[PDB]
Structure formats: C-alpha cells, structure tokens
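Heads up, work-v6.pdb below (PDB, C-alpha atoms):
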```pdb
ATOM      1  CA  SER V   1      59.133 -35.101  14.848  1.00  0.00           C
ATOM      2  CA  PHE V   2      56.912 -35.173  11.614  1.00  0.00           C
ATOM      3  CA  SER V   3      56.917 -32.039   9.434  1.00  0.00           C
ATOM      4  CA  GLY V   4      54.960 -30.796   6.437  1.00  0.00           C
ATOM      5  CA  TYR V   5      51.892 -32.967   6.957  1.00  0.00           C
ATOM      6  CA  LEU V   6      48.351 -31.935   6.128  1.00  0.00           C
ATOM      7  CA  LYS V   7      45.985 -32.780   9.008  1.00  0.00           C
ATOM      8  CA  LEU V   8      42.987 -34.787   7.729  1.00  0.00           C
ATOM      9  CA  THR V   9      41.374 -35.696  11.081  1.00  0.00           C
ATOM     10  CA  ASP V  10      42.134 -35.593  14.833  1.00  0.00           C
ATOM     11  CA  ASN V  11      44.664 -38.441  14.328  1.00  0.00           C
ATOM     12  CA  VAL V  12      45.371 -38.873  10.597  1.00  0.00           C
ATOM     13  CA  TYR V  13      47.990 -36.768   8.768  1.00  0.00           C
ATOM     14  CA  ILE V  14      49.145 -36.991   5.128  1.00  0.00           C
ATOM     15  CA  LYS V  15      52.193 -35.887   3.120  1.00  0.00           C
ATOM     16  CA  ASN V  16      53.425 -36.346  -0.453  1.00  0.00           C
ATOM     17  CA  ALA V  17      56.665 -38.079   0.422  1.00  0.00           C
ATOM     18  CA  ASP V  18      58.836 -41.089  -0.209  1.00  0.00           C
ATOM     19  CA  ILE V  19      58.284 -43.211   2.942  1.00  0.00           C
ATOM     20  CA  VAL V  20      61.973 -44.366   2.839  1.00  0.00           C
ATOM     21  CA  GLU V  21      63.203 -40.757   2.812  1.00  0.00           C
ATOM     22  CA  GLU V  22      60.641 -39.863   5.470  1.00  0.00           C
ATOM     23  CA  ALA V  23      61.740 -42.783   7.689  1.00  0.00           C
ATOM     24  CA  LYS V  24      65.461 -41.927   7.337  1.00  0.00           C
ATOM     25  CA  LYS V  25      64.736 -38.307   8.258  1.00  0.00           C
ATOM     26  CA  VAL V  26      62.353 -38.880  11.147  1.00  0.00           C
ATOM     27  CA  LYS V  27      63.580 -42.300  12.423  1.00  0.00           C
ATOM     28  CA  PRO V  28      60.077 -42.896  13.849  1.00  0.00           C
ATOM     29  CA  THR V  29      59.285 -45.464  16.536  1.00  0.00           C
ATOM     30  CA  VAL V  30      57.249 -47.417  13.939  1.00  0.00           C
ATOM     31  CA  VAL V  31      57.365 -47.495  10.165  1.00  0.00           C
ATOM     32  CA  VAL V  32      54.646 -49.607   8.545  1.00  0.00           C
ATOM     33  CA  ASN V  33      55.556 -51.882   5.676  1.00  0.00           C
ATOM     34  CA  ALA V  34      53.037 -52.869   2.994  1.00  0.00           C
ATOM     35  CA  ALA V  35      53.928 -56.530   3.444  1.00  0.00           C
ATOM     36  CA  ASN V  36      52.702 -59.747   1.903  1.00  0.00           C
ATOM     37  CA  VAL V  37      52.050 -62.935   3.924  1.00  0.00           C
ATOM     38  CA  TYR V  38      55.476 -64.335   3.033  1.00  0.00           C
ATOM     39  CA  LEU V  39      57.342 -61.131   3.952  1.00  0.00           C
ATOM     40  CA  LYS V  40      58.893 -61.244   0.465  1.00  0.00           C
ATOM     41  CA  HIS V  41      59.785 -57.569   0.036  1.00  0.00           C
ATOM     42  CA  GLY V  42      60.131 -57.530  -3.717  1.00  0.00           C
ATOM     43  CA  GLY V  43      58.424 -54.384  -4.952  1.00  0.00           C
ATOM     44  CA  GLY V  44      56.342 -51.344  -4.050  1.00  0.00           C
ATOM     45  CA  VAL V  45      56.830 -49.940  -0.572  1.00  0.00           C
ATOM     46  CA  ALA V  46      58.229 -53.273   0.739  1.00  0.00           C
ATOM     47  CA  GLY V  47      60.896 -53.494  -1.934  1.00  0.00           C
ATOM     48  CA  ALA V  48      61.875 -49.890  -1.328  1.00  0.00           C
ATOM     49  CA  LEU V  49      62.043 -50.237   2.480  1.00  0.00           C
ATOM     50  CA  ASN V  50      63.982 -53.478   2.182  1.00  0.00           C
ATOM     51  CA  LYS V  51      66.467 -51.973  -0.324  1.00  0.00           C
ATOM     52  CA  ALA V  52      67.032 -49.064   2.134  1.00  0.00           C
ATOM     53  CA  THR V  53      68.018 -51.620   4.810  1.00  0.00           C
ATOM     54  CA  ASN V  54      70.588 -53.213   2.438  1.00  0.00           C
ATOM     55  CA  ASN V  55      68.410 -56.381   2.486  1.00  0.00           C
ATOM     56  CA  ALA V  56      68.676 -56.715   6.294  1.00  0.00           C
ATOM     57  CA  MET V  57      64.863 -56.516   6.459  1.00  0.00           C
ATOM     58  CA  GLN V  58      64.565 -59.492   4.084  1.00  0.00           C
ATOM     59  CA  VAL V  59      67.135 -61.570   5.993  1.00  0.00           C
ATOM     60  CA  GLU V  60      65.304 -60.908   9.266  1.00  0.00           C
ATOM     61  CA  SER V  61      61.961 -61.591   7.585  1.00  0.00           C
ATOM     62  CA  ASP V  62      63.069 -64.950   6.157  1.00  0.00           C
ATOM     63  CA  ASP V  63      64.132 -66.052   9.641  1.00  0.00           C
ATOM     64  CA  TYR V  64      60.735 -64.875  10.994  1.00  0.00           C
ATOM     65  CA  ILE V  65      58.870 -66.892   8.321  1.00  0.00           C
ATOM     66  CA  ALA V  66      61.078 -69.956   8.841  1.00  0.00           C
ATOM     67  CA  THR V  67      60.108 -69.909  12.543  1.00  0.00           C
ATOM     68  CA  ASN V  68      56.481 -68.761  12.389  1.00  0.00           C
ATOM     69  CA  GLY V  69      55.106 -69.427   8.944  1.00  0.00           C
ATOM     70  CA  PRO V  70      53.236 -66.879   6.888  1.00  0.00           C
ATOM     71  CA  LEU V  71      51.169 -64.043   8.232  1.00  0.00           C
ATOM     72  CA  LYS V  72      47.426 -63.889   7.647  1.00  0.00           C
ATOM     73  CA  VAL V  73      46.009 -61.362   5.134  1.00  0.00           C
ATOM     74  CA  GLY V  74      44.874 -58.580   7.510  1.00  0.00           C
ATOM     75  CA  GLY V  75      47.580 -59.498  10.037  1.00  0.00           C
ATOM     76  CA  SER V  76      50.903 -58.089  11.061  1.00  0.00           C
ATOM     77  CA  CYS V  77      54.116 -58.669  12.887  1.00  0.00           C
ATOM     78  CA  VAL V  78      56.589 -56.329  14.559  1.00  0.00           C
ATOM     79  CA  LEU V  79      60.178 -56.686  13.434  1.00  0.00           C
ATOM     80  CA  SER V  80      63.217 -54.404  13.555  1.00  0.00           C
ATOM     81  CA  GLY V  81      63.071 -51.048  11.816  1.00  0.00           C
ATOM     82  CA  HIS V  82      66.817 -51.397  10.994  1.00  0.00           C
ATOM     83  CA  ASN V  83      68.246 -47.994   9.883  1.00  0.00           C
ATOM     84  CA  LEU V  84      64.764 -46.614   9.172  1.00  0.00           C
ATOM     85  CA  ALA V  85      62.850 -46.764  12.452  1.00  0.00           C
ATOM     86  CA  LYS V  86      62.952 -48.442  15.904  1.00  0.00           C
ATOM     87  CA  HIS V  87      60.389 -51.028  14.661  1.00  0.00           C
ATOM     88  CA  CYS V  88      58.812 -52.040  11.399  1.00  0.00           C
ATOM     89  CA  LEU V  89      55.208 -53.093  11.630  1.00  0.00           C
ATOM     90  CA  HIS V  90      54.724 -55.410   8.626  1.00  0.00           C
ATOM     91  CA  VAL V  91      51.037 -55.240   7.809  1.00  0.00           C
ATOM     92  CA  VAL V  92      49.359 -57.356   5.127  1.00  0.00           C
ATOM     93  CA  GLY V  93      46.545 -55.583   3.384  1.00  0.00           C
ATOM     94  CA  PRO V  94      44.483 -57.597   0.860  1.00  0.00           C
ATOM     95  CA  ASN V  95      45.987 -57.749  -2.600  1.00  0.00           C
ATOM     96  CA  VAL V  96      43.083 -57.161  -4.984  1.00  0.00           C
ATOM     97  CA  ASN V  97      45.395 -58.359  -7.823  1.00  0.00           C
ATOM     98  CA  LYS V  98      45.286 -61.827  -6.054  1.00  0.00           C
ATOM     99  CA  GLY V  99      41.457 -61.758  -5.444  1.00  0.00           C
ATOM    100  CA  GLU V 100      41.790 -61.136  -1.673  1.00  0.00           C
ATOM    101  CA  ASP V 101      38.737 -59.834   0.199  1.00  0.00           C
ATOM    102  CA  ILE V 102      38.880 -55.959   0.257  1.00  0.00           C
ATOM    103  CA  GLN V 103      36.866 -56.245   3.543  1.00  0.00           C
ATOM    104  CA  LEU V 104      40.194 -57.425   5.109  1.00  0.00           C
ATOM    105  CA  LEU V 105      41.560 -53.865   4.664  1.00  0.00           C
ATOM    106  CA  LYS V 106      39.784 -52.773   7.873  1.00  0.00           C
ATOM    107  CA  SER V 107      41.382 -55.709   9.774  1.00  0.00           C
ATOM    108  CA  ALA V 108      44.772 -54.708   8.326  1.00  0.00           C
ATOM    109  CA  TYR V 109      44.393 -51.089   9.558  1.00  0.00           C
ATOM    110  CA  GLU V 110      43.315 -52.324  13.033  1.00  0.00           C
ATOM    111  CA  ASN V 111      46.941 -53.423  13.551  1.00  0.00           C
ATOM    112  CA  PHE V 112      47.923 -49.724  13.631  1.00  0.00           C
ATOM    113  CA  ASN V 113      45.887 -49.246  16.844  1.00  0.00           C
ATOM    114  CA  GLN V 114      48.502 -51.195  18.805  1.00  0.00           C
ATOM    115  CA  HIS V 115      51.016 -48.335  18.259  1.00  0.00           C
ATOM    116  CA  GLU V 116      50.590 -44.778  19.546  1.00  0.00           C
ATOM    117  CA  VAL V 117      52.217 -43.216  16.471  1.00  0.00           C
ATOM    118  CA  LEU V 118      53.190 -44.617  13.081  1.00  0.00           C
ATOM    119  CA  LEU V 119      54.660 -43.542   9.752  1.00  0.00           C
ATOM    120  CA  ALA V 120      52.714 -45.536   7.134  1.00  0.00           C
ATOM    121  CA  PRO V 121      51.757 -45.991   3.543  1.00  0.00           C
ATOM    122  CA  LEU V 122      48.125 -46.448   2.416  1.00  0.00           C
ATOM    123  CA  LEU V 123      47.433 -50.158   2.790  1.00  0.00           C
ATOM    124  CA  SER V 124      46.504 -52.170  -0.279  1.00  0.00           C
ATOM    125  CA  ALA V 125      47.264 -49.141  -2.514  1.00  0.00           C
ATOM    126  CA  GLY V 126      49.848 -49.178  -5.358  1.00  0.00           C
ATOM    127  CA  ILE V 127      50.781 -52.646  -6.579  1.00  0.00           C
ATOM    128  CA  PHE V 128      48.247 -54.197  -4.149  1.00  0.00           C
ATOM    129  CA  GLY V 129      45.511 -52.961  -6.496  1.00  0.00           C
ATOM    130  CA  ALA V 130      42.954 -51.339  -4.191  1.00  0.00           C
ATOM    131  CA  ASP V 131      41.535 -47.849  -4.717  1.00  0.00           C
ATOM    132  CA  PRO V 132      43.744 -45.520  -2.588  1.00  0.00           C
ATOM    133  CA  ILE V 133      40.732 -43.215  -1.940  1.00  0.00           C
ATOM    134  CA  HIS V 134      38.965 -46.191  -0.350  1.00  0.00           C
ATOM    135  CA  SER V 135      42.147 -47.096   1.598  1.00  0.00           C
ATOM    136  CA  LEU V 136      42.345 -43.583   3.042  1.00  0.00           C
ATOM    137  CA  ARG V 137      38.661 -43.740   4.024  1.00  0.00           C
ATOM    138  CA  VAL V 138      39.163 -47.092   5.808  1.00  0.00           C
ATOM    139  CA  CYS V 139      42.288 -45.685   7.485  1.00  0.00           C
ATOM    140  CA  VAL V 140      40.427 -42.640   8.844  1.00  0.00           C
ATOM    141  CA  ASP V 141      37.471 -44.752   9.979  1.00  0.00           C
ATOM    142  CA  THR V 142      39.612 -47.494  11.611  1.00  0.00           C
ATOM    143  CA  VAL V 143      42.850 -46.090  13.000  1.00  0.00           C
ATOM    144  CA  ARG V 144      42.496 -44.225  16.294  1.00  0.00           C
ATOM    145  CA  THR V 145      46.227 -43.780  17.007  1.00  0.00           C
ATOM    146  CA  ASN V 146      48.372 -41.089  15.311  1.00  0.00           C
ATOM    147  CA  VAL V 147      49.115 -42.099  11.734  1.00  0.00           C
ATOM    148  CA  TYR V 148      51.358 -40.084   9.395  1.00  0.00           C
ATOM    149  CA  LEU V 149      50.657 -41.240   5.865  1.00  0.00           C
ATOM    150  CA  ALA V 150      53.331 -40.899   3.207  1.00  0.00           C
ATOM    151  CA  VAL V 151      51.930 -40.937  -0.357  1.00  0.00           C
ATOM    152  CA  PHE V 152      54.718 -41.241  -2.930  1.00  0.00           C
ATOM    153  CA  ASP V 153      52.785 -40.155  -6.001  1.00  0.00           C
ATOM    154  CA  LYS V 154      52.089 -36.299  -6.105  1.00  0.00           C
ATOM    155  CA  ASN V 155      49.124 -36.711  -8.471  1.00  0.00           C
ATOM    156  CA  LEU V 156      47.550 -39.327  -6.191  1.00  0.00           C
ATOM    157  CA  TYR V 157      48.344 -37.195  -3.079  1.00  0.00           C
ATOM    158  CA  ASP V 158      46.498 -34.240  -4.677  1.00  0.00           C
ATOM    159  CA  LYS V 159      43.559 -36.451  -5.639  1.00  0.00           C
ATOM    160  CA  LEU V 160      43.384 -37.919  -2.090  1.00  0.00           C
ATOM    161  CA  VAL V 161      43.384 -34.461  -0.471  1.00  0.00           C
ATOM    162  CA  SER V 162      40.947 -32.849  -2.932  1.00  0.00           C
ATOM    163  CA  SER V 163      38.449 -35.722  -2.623  1.00  0.00           C
ATOM    164  CA  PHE V 164      38.739 -36.193   1.183  1.00  0.00           C
ATOM    165  CA  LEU V 165      35.397 -35.903   2.870  1.00  0.00           C
TER
END
```
Taking this structure as input, can you express it in the form of structure tokens?
Amino acid sequence: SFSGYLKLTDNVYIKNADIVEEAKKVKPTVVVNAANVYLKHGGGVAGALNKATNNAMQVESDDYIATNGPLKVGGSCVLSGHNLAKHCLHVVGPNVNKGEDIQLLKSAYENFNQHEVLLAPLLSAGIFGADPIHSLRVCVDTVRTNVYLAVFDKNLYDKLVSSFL
C-alpha cells in the first residue's frame, strides 16, 4: 500500500512525491487527474499522467468527450487508470488563470468522496493558479474518504506541512 506519507488528519495523508512515480509504484485503485473540462491533458499533472500512459489516456479521453461532451468545472468522470492505476478519476478544479469560481474547488473535492481511497494531487494547484495552502484546507474540510496527496514540489510540500493547522 502507500508508504512514507505524513498523516494530516484521520483521512488525509501527504507526501513529497511525483504522482506518476507514486502511481506506478503503488498501482492504486484510483489515481486522480487534475483535468480540464475538455480532458486535454497537455501540461501539469494531466500532461505528466498522460505521457506516462504513452498517450492512451488522451485517446480514451477524446473518445469520452466525443460521446459525452465536456465535463463541468467541479465535475469528474471515471476512466481507465491504464498502467498507473485501476481507474483514473478525472476531476476538474477551477482554473483561477481562466477566472473560474474558486468556490467550485469544494465541489471538485466532493468527487473524491465516491471512492474509498485515492492517490491525488492538490486540486487547482500548480498551473491551475489557486493557492495550494487553500486547496489543502478545502481538501481536509471536504474529503471524508482516504486521500493520499502527492505534492511534487519539495519547497511547497514543506510549506504545506509547516503551515497546516
């Protein structure tokens, strides 16, 4: 199972790790992708997860969008986890760099409650432009299932732990 995590709460754990490397090692039931509404996995966590699947995630995602249309900001869909996990839960947090309502971050984290355990990044952090400290706070106050957070950046990981209330 998951190793080397710092326990933040009853159900939230955190580790300074590359979520792709973590997924390949653990092969969890669910890996969360920091998706956009189009499932265009170009950069950030999505680009990295998709590259690890040799673009199979993007091919599957394009078929999903062709059939269903875009996701909602705050929404999700369950697709294959390919070589990384059993399933990938593609969750769309608000992209502050596109003026999306930060209040939608709680709705985005609510998707995690449909899965007993998940490996995940901090939603709306990184290239999505939100404050990762705020994202961690919303995560802790919203997710009730077991969430193992992988934070790529060591400096941010240290800041998140040292400022955690």
For residue V:26, which residue among V:75, V:4, V:93, V:126 is the nearest when counting only C-alpha atoms?
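Of the candidates, the smallest distance to residue V:26 is held by V:4.
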Do you know which residues are at most 8 Å from residue V:117 counting only C-alpha atoms, after dropping those on the same chain fewer than 2 positions away, and could you put them as a ChimeraX atom specification?
/V:29-30,115,119,145-148
Interatomic distance between atom CA of residue V:19 and atom CA of residue V:49?
8.0 Å
Report as an mmCIF file with C-alpha atoms, in the coordinates of the input the residues that result from applying the PyMOL selection byres ((chain V and resi 1) around 9) to the structure here.
```cif
data_model
loop_
_atom_site.group_PDB
_atom_site.id
_atom_site.type_symbol
_atom_site.label_atom_id
_atom_site.label_comp_id
_atom_site.auth_asym_id
_atom_site.auth_seq_id
_atom_site.Cartn_x
_atom_site.Cartn_y
_atom_site.Cartn_z
ATOM 1 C CA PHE V 2 56.912 -35.173 11.614
ATOM 2 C CA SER V 3 56.917 -32.039 9.434
ATOM 3 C CA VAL V 26 62.353 -38.880 11.147
ATOM 4 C CA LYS V 27 63.580 -42.300 12.423
ATOM 5 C CA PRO V 28 60.077 -42.896 13.849
#
```
For this file, the PyMOL selection byres ((chain V and resi 164) around 9) selects which residues, as a list in words?
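Matching residues under the PyMOL selection byres ((chain V and resi 164) around 9) are residues 8, 133, 136, 137, 159, 160, 161, 162, 163 and 165 of chain V.
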To test your reading of the syntax: which residues would the PyMOL selection byres ((chain V and resi 106) around 10) return for the file shown? Reply as a count of residues only.
20
Quick check, in Å to one decimal: how far apart do atom CA of residue V:130 and atom CA of residue V:11 lie?
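It comes out at 22.6 Å.
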Atom-to-atom span, atom CA of residue V:23 and atom CA of residue V:84, Å:
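Atom CA of residue V:84 lies 5.1 Å from atom CA of residue V:23.
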Counting only C-alpha atoms, the option among V:56, V:96, V:42, V:132 closest to residue V:158
V:132
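Here the question is which of V:41, V:154, V:144, V:87 gets nearest to residue V:13 using all atoms listed in the file, and that residue is V:144.
Minimum atom-to-atom distances from V:76, V:155, V:55, V:9 to residue V:113 were compared using all atoms listed in the file, and the lowest value belongs to V:76.
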From the options V:53, V:153, V:17, V:124, which residue's atoms come nearest to residue V:88, counting all atoms listed in the file?
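Of V:53, V:153, V:17, V:124, the one nearest residue V:88, counting all atoms listed in the file, is V:53.
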